């Protein structure tokens, strides 16, 4: 049991999957100069806990803008139009000892998702609802929204071989916590934080939750994101 | 000047050549290469990643995520059984292993399998994972599987048993059957029926030769 | 066939340059020589992108980011005279395009073009890494216009240019219908961030939309 | 003799090549190069020269030299305001900076601005020159411009204030507004209304990549 | 499009040789093969000057003085027989010119000429720095004839020669109409005395005359 | 570039030549050579083997 703290946010934790073997880092010019906030930004932003029932198909969050209303990090998105960060993501499950199940906690950089009825697009409020997660579905759906059927998560790939990305299994038999560090994968050193979704944290239950008639009918999944090494553009003159 | 003579093969266009193409934009200086995380320098770095194998791909359970779940919890018939070849096998053909191997005609190597038991922390039982050599016939009973190659995998102690199946190549393969050694013993609070996930990758190193077009795309 | 002892140890054919760097025909098109002085059927266009045919498109979607020089060689035929001379004008991403076969854009000094006359070896034109960013992005989970406007998934970083092709002969006594086959080839290719293979069939050449497909082919029982 | 074979790309005419052209007049010996003053060895030596920027380019003052004059001498609306990008901006597109940048598609660098106050030697006042970052909105008031980036430029002390605006590139830009901090205080002999000239060049060093044809010529 | 981080540091594309040294088509012309034994439509002329088309002319007027070798490559077509052979005769500034397709000037040993037969690679002829002075002058604020006579602005130092082009075939059964496209290219170019860019449109190809044009595009107010 | 001139015999196909053929499969790496018993390196190693001679080859 390790009680990590960052700024004015302390969580209680219980091995880290460093995404692509790299730890996030700063970009290191007088023509373009970055600003490193360091202060705040790095604290833990615990999202709303998500109840995992027997019939839950999955969830996804789209970052960096899932934190668009989260404190100073969600406020520096409105004043600077360029930025980058690292996003240590803790995922606890705090189930009991009689609950069973298994989760895939994967990050999927550049998850370009497909519309539900092709030949058209979706109204841009179907990919993300800032803090709250869009759930997947168990079967196919229609309408101007994301094709959120599992087995074809968002991208038209098999959902089983989604393990190629930075992932972590949460088997309630053994463990309950996951932690992933995603060192800002992008093709340009800095990009706008409202246009571009750098990665898509999606939690997918492979083995479904099961229990008997006495336990609690759900297992709350707690998501915590710490934006590390966040740096922005400069606002001062040179 | 220099007396040259054109050989057969001059002024032709061989599709697979490596000649110096005259650059259309010589003045143009391309963008400097930054370090982007997660470089691939070889395709067989994708095959070495574990990925979930749809063992329960029966006729009505392939468009849901019930394809990946092996139901555990009749001791006379095996739990599951499938050909051990990532090509031309319905179970292992759309795996990351089995999908980077359909780009090639000649491949040879070994393949490791991980069986993650996704049941309760109180459920306890034994499963017997038998392997048949590529020429041998499948075991029809649990005893005949015990007399061959097997691993009596105690679930209550460890929850993940790893194999490494050799002699996997094409240019009549093995079998990974699984048997009830014991039933799943469970206290009054925990549920009775559990699931077992499977995984597959390249075990140590994988050899692969002749590139071709994939059959899946039409 | 029979199961043989495939004994060897090699992964030189599995590297990225030996996997992607293969020439494939990506653009057939017809273009006439005479008649209809204001027509769009006297030249070819082909905006250069990797999402041309699904066989190559599938390989570029193994990887999220990749950068590579392209070295295309056209194969130009003709049907129905003099000896014919062609012009394959590559315009960069920032470049004016012709509207007609006799536009002034064809004479732009910043648009490099090859003048191949018939009978010789095929014309080869090589284009470096043009993009503004540091790699071409196969996938772009983002919006071109800020504040979640239209045009999902299309970034302007992975723009490669266009390829305008015409006869330079002003006229002809009879009709000559030329056919061009552009052979695209990645070169000096690097690739980052691997990605699971495509499962569903492709719908359209500018989006990732798909129909929900089954994972694998089904079998009868779990034990057969 | 030497066995050669012609590759694809032989006997073609690529417009952008750098081959050894056979000289038509080989006997001819060209005139010796004398030293002529003022050699240009790089185009960005033209962009580094200051030149007057037509800020007052309103609908009827562009064919006279009233385009270059910013009238100084209502404190609620700013004196002048313009986009800070030498391309696609009416104020900075025909500058020496903005004209050597329309020959190119990719350019990135910084740009310095000099405000020469061309009033009397007795006129005294203050002007507040605010800069908005490329994402931010313009200040609607003088106080909201004071809370951002600014320089309260005292005219009576110095008559030339120099900026250096970074993050200037294309492949939604900044703003240089100017405000009356104080009015122009003037003795009884000197005139009341003054002018402010502006200038623009490359601040330290300028980066520019992809050559194209200019849009201005038809 | 969107504003990206255009991060790099390069000015190799802004040097003079990487700015001026680009091949651009500067002369299209027709010339027949037979008929009208005394006619001016059986050969081409093109007195070589930088003031050919306004796109290139604008770049040469960035600089007052410049010196450079020129390396032009013609692209010759034909319409309507035998295999055709052409002749591209460059006469120096001091050189006799033909008056007819069958003049004796075509046989002058001091006029270098290429004999390109149809079907091969395009003919390339390179011309050194001919001028009498030490540089070509883009602008000449002076009078050719002393004591302020006629012909303002035309010096004889920036004379480059002419380019007479004909068929060498004496006749043909039918009519063949050949088209030539001269691709001018400065080479090994130096440039002195920079100069502000042209603002007004061009009127005529031998003078600097212009119509008074507005400085920039107008906007509504000074503050919008 | 380099001034070359084609001799007589250019662009012909002599059947018995030993020129460098451009390989169609350059990426392809061929199977390693194992040792197989009984290599022939010269035809006259077959002539040196005794073999029975049909001396009594009469008409029937």
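For reference, chains read A, B, C, D, E and F in written order, and residue numbers begin at 1 within each chain.
To be clear about the criterion, contacts are C-beta pairs under 8 Å (C-beta built on N, C-alpha and C of every residue); 3 or more make two chains touch, one makes a residue touch a chain.
Every chain gets a centre from its CA atoms, and the centre nearest the mean of all protein CA atoms is that of C.
When each chain is reduced to the average of its Cα atoms, B sits farthest from chain E. Between the chain pairs A-C and D-E, more C-beta pairs are in contact across D-E. To find the repeat of B-C among C-D, D-E or B-E, check which pair has over half of the same contact pairs by residue number; it is D-E.
Computed from the mean C-alpha positions, the centre of chain A lies at a distance of 62 Å from the centre of chain E.
Centre-to-centre separation between chain D and chain F, using Cα means, comes to 73 Å. Centres computed as Cα averages put chain C at a distance of 42 Å from chain F. In chain D, the residues that reach two or more other chains under the touch definition are 1-16, 19, 106, 108, 134, 169, 171-172, 205, 207, 209-211, 213.
Chain A has residues 20, 32, 81, 139-140, 149, 151, 158-162, 164, 185, 187-189, 192, 195 in contact with two or more other chains. Listed for chain E are residues 1-10, 13, 18, 22-23, 55, 75, 120-122, each touching two or more other chains. Taken together, the chain D residues at the contact with chain C in this complex read 6-16, 105-106, 171-172, 210-213. Listed in rising order, the residues of chain C touching chain A in the complex are 64-65, 132-137, 139-150, 152-153, 157, 192-200, 203-204, 207-215. Interface residues of chain E, counted against chain C in their complex, comprise 1-2, 4, 6, 22-25, 53, 55-56, 75, 77-81, 118-122, 179, 181. Across the interface of their complex, chain D is touched by residues 2-7, 9-11, 13, 17, 19-22, 24-29 of chain B. Taken in their complex, chain C has these residues touching chain B: 1, 3-11, 13-16, 18-19, 22-23, 54-55, 58, 62-63, 65, 67, 71, 73, 75, 90, 92, 112, 120-122, 124-135, 183, 187, 190-194, 196-199, 201, 212-224.
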